[PDB]
Amino acid sequence: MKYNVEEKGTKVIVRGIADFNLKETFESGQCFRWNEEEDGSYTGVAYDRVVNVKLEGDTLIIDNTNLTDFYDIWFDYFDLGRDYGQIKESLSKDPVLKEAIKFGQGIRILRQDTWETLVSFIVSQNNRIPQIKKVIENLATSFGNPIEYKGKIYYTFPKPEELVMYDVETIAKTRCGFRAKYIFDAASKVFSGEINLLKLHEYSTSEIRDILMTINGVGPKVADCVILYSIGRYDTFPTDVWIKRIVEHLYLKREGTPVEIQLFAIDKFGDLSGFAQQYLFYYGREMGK
DNA sequence: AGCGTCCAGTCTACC
DNA sequence: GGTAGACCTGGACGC
Ligand code: NA
């Protein structure tokens with residue numbers, strides 16, 4: 001991917017954008033803190049920063065950032081180095097994916113912070129999206145740090161060190177319910193250095209899975225979500241109840257467990273399974289039933 | 001109406 | 001070895 005990057009005032013401008021749509025990316029099920037503004041831009045809090053991203057054709061405008069932050073954080077965050085055009089061409093050899101892709105041509109897989117992804121998907125278990133977003137914003141407001149953009153105060157996602165001094169019931173005030181003890185355990189294990197998130201990428205995918213699943217409340221799905229959305233292992237296929245029913249309806253024509261859905265997809269899609277999953281998901285939400 | 005009821009991954013207890 | 005049932009919260013749903 002070749003871009004023309006320029007720093008103009010309080011913003012960074014990227015020209016040569018392809019295979020990118022903000023709505024499709026931000027509503028693909030991968031993330032929770034990006035919110036649409038009246039002009040169609042999206043304001044989000046990630047990596048202790050607040051930025052506004054706007055896309056005008058092939059021109060991305062990131063407000064409230066500099067060249068240093070763009071190259072250090074946002075380039076990788078929006079996975080800009082990857083050719084999704086090639087990915088879609090390869091996947092479109094499957095008629096099912098080709099159809100799904102036409103509705104989500106601009107989906108990119110964000111490379112998000114490991115800790116935030118971990119807690120976010122802990123929150124996500126047995127939960128609906130609107131509620132997950134409210135709980136995550138509650139965690140940030142209650143426990144995070146204030147940062148300001150255009151006169152409005154935004155809150156960073158709380159680090160393990162910013163959570164450990166609170167009891168479960170204090171954490172539970174975020175409306176996370178029975179998941180409070182899971183957040184508590186995750187914070188404790190990371191804070192003590194028992195689970196090292198920085199060195200996690202040095203391990204195999206199976207090893208990462210096992211490390212993460214030591215946390216009370218982290219099972220196969222949460223672990224796989226961290227692995228895909230934060231570590232960037234694309235030969236994975238996180239199986240939720242939706243993708244199970246989607247694959248059942250469109251491929252298998254019979255019922256199956258989340259596990260058998262999973263190995264079928266990884267076999268068929270290989271190193272592009274994670275991308276295939278995103279396309280199928282936004283397509284499933286587009287169709288409804 | 002204004003109530004009942006169903007329910008959107010992981011753990012636990014128990015096979 | 002494997003899994004039925006419970007589970008905070010809270011909108012949708014039937015009558
Ligand atoms: Na666990």
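Because only heavy atoms are used, hydrogens play no part in the values below, and waters and symmetry mates are left out as well, while side chains stay in. Lettering of chains follows the sequences in order, A, B, ..., and the numbering in each one begins at 1.
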Asks: Give the rounded distance in Å between these two atoms: CD1 of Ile183(A) and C1' of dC7(C).
Replies: 15 Å

Asks: Expressed in whole Å, how much space separates the P atoms belonging to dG11(C) and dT10(B)?
Replies: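 23 Å, rounded to whole Å.
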
Asks: Would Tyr282(A) and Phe103(A) satisfy ring pair (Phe, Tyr, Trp, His ring centres under 6.0 Å), going step by step from the backbone distance to the final call?
Replies: CA-CA 8 Å; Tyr282(A) 191 79; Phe103(A) 294 92; 8.4 Å; no

Asks: Give me the distance, rounded to whole Å, that separates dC6(B) from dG5(C) when you measure between the P atoms they each carry.
Replies: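 One P to the other, the span is 14 Å.
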
Asks: Quickly work out the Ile171(A) CD1 to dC8(C) P distance and round it to whole Å.
Replies: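 After rounding, the reported distance stands at 15 Å.
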
Asks: Strictly under 4.0 angstrom, non-hydrogen atoms only: write out the protein contact profile of nucleotides 8-15 of chain B, one letter per nucleotide from the 5' end, B, S or -.
Replies: BBSS----

Asks: Under a single-linkage rule joining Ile, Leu, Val, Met, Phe, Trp and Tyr whose side-chain heavy atoms are separated by less than 4.5 Å, which residues share a cluster with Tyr149(A)?
Replies: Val45(A), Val50(A), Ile147(A), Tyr154(A)

Asks: Does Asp19(A) have any salt bridge (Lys or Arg N to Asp or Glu O under 4.0 Å) partners at least two apart in sequence or in another chain, and if so, which?
Replies: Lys88(A)

Asks: For nucleotides 3-6 of chain C, list the nitrogen or oxygen atoms of the protein found under 3.5 Å from its nitrogen or oxygen atoms, one pair per line.
Replies:
none

Asks: Are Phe275(A) and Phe269(A) near enough that their ring centres are under 6.0 Å apart?
Replies: no

Asks: Take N1-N3 plus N6-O4 or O6-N4 for Watson-Crick, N1-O2 plus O6-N3 for G-U, both under 3.5 Å. Which runs of 3 or more such pairs involve DNA chain C?
Replies: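 Stem segments, range with range: B:5-8 with C:9-12, B:9-15 with C:1-7.
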
Asks: Run through the side-chain heavy atoms of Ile, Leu, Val, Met, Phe, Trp and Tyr, join any pair under 4.5 Å, and report what else lands in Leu198(A)'s cluster.
Replies: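 Its cluster mates, by chain and number: none.
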
Asks: In terms of side-chain heavy atoms, does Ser92(A) have a donor or acceptor partner in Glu89(A) at a distance below 3.5 Å?
Replies: no

Asks: It should be established whether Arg179(A) places a side-chain nitrogen or oxygen under 4.0 Å from OP1 or OP2 of nucleotide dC8(C).
Replies: no

Asks: The criterion is side chain to side chain contact (heavy atoms under 4.5 Å, CB included); which residues satisfy it with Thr114(A), sequence neighbours excluded?
Replies: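 Partners of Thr114(A) under the side chain to side chain contact (heavy atoms under 4.5 Å, CB included) test: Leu197(A), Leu200(A), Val226(A), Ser230(A), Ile231(A).
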
Asks: Side chains of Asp94(A) and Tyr251(A): donor-acceptor distance under 3.5 Å anywhere?
Replies: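 There is such a pair between these side chains.
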
Asks: Could you list who else is in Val259(A)'s hydrophobic cluster, with ILVMFWY side chains joined at under 4.5 Å, directly or through other members?
Replies: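 ILVMFWY cluster around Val259(A) holds nothing else.
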
Asks: What I want to check is whether the side chains of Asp235(A) and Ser273(A) have a donor and an acceptor closer together than 3.5 Å.
Replies: no

Asks: Checking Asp79(A) now: which residues fulfil salt bridge (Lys or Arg N to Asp or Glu O under 4.0 Å) with it, not counting sequence neighbours?
Replies: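 By the salt bridge (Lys or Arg N to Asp or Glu O under 4.0 Å) rule, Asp79(A) matches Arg82(A).
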
Asks: Measuring only the P atom in each nucleotide, how far is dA4(C) from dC7(B)? A whole number of Å is fine.
Replies: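 Going atom to atom, P in each nucleotide, I get 16 Å.
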
Asks: Whole angstroms only, please: what is the CD1-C1' distance between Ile132(A) and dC7(B)?
Replies: 14 Å

Asks: Output the residues of residues 204-211 of chain A in contact with DNA chain B, where contact means a heavy atom of the residue under 4.0 Å from an atom of the strand; sort by number or write none.
Replies: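 Those residues: none at all.
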
Asks: What's in the same ILVMFWY side-chain cluster as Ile13(A), cut-off under 4.5 Å, chained through other members?
Replies: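 Members besides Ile13(A), by chain and number: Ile61(A).
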
Asks: Rounded to the nearest Å, what distance is computed from the CD1 atom of residue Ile129(A) to the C1' atom of nucleotide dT9(C)?
Replies: 16 Å

Asks: Determine the Euclidean distance between corresponding P atoms of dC11(B) and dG10(C); express it in Å to zero decimal places.
Replies: 23 Å

Asks: Show me the donor-acceptor pairs within less than 3.5 Å that the side chains of residues 261-268 of chain A make with the rest of the protein, sequence neighbours left out.
Replies:
{"from": "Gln262(A)", "atom 1": "NE2", "to": "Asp224(A)", "atom 2": "OD2", "distance (Å)": "3.0"}
{"from": "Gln262(A)", "atom 1": "NE2", "to": "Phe237(A)", "atom 2": "O", "distance (Å)": "3.0"}

Asks: Give me the distance, rounded to whole Å, that separates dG9(B) from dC13(C) when you measure between the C1' atoms they each carry.
Replies: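 Approximately 24 Å lies between the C1' atom of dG9(B) and that of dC13(C).
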
Asks: Tell me whether the rings of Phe75(A) and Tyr71(A) are parallel (<30°), tilted (30 to 60°) or perpendicular (>60°).
Replies: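 Geometry flag for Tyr71(A) against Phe75(A): parallel rings.
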
Asks: What is the distance from CZ of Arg175(A) to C1' of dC7(C), rounded to the nearest Å?
Replies: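 For the pair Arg175(A) CZ and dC7(C) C1', the rounded distance is 15 Å.
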
